[PDB]
């Protein structure tokens, strides 16, 4: 029954970067990166921060919520990854990422 991050669109004014989790467990926040290397760039964090550009379709403060879809210039282009983190200490841990979405 392993959790999956369903990034439905291979490719996508306010763009919408769609994410859906199949499970709540293991518990932990949903984060977005542009790209994936040691240089990847954070775009949203459910756990902490202020992201005036980014906005969420569903109330991520509800325990049972599985919709992690966000409503976010040519500088914006790139591959986006919805990453599910599992709780850790000192830091959370990449659990599963969706396959990626190319913003054009």
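In this text, rigid core is short for the largest set of C-alphas that superpose within 1.5 Å between two forms. Residue numbers count along the first chain shown, from 1.
In 5 other deposited structures of this protein, superposed on the rigid core, the segment with the larger root-mean-square CA displacement between 21-29 and 83-91 is 83-91. Between stretches 52-60 and 36-44, the one whose Cα atoms sit farther from the displayed model in 5 other deposited structures of this protein on average is 52-60 (core-aligned, root mean square). Counting the unmodelled positions of the deposited sequence between residue 72 and residue 73 gives a small gap of 1 to 3 residues. In this entry, residue 12 is separated from residue 13 by 4 to 9 residues of the deposited sequence that have no coordinates. Once the C-alpha B-factors are averaged per stretch, 40-48 and 73-81 rank with 73-81 first. Set 83-91 against 15-23 and average the Cα temperature factors; 15-23 ends up higher. In this PDB entry, residue 99 carries a Cα temperature factor that places it within the middle third of its chain's modelled residues. Residue 64: CA B factor in the lowest third of modelled residues in this chain (values from the PDB entry).
Looking at the C-alpha B-factors along this chain, the one for residue 3 belongs to the lowest third.
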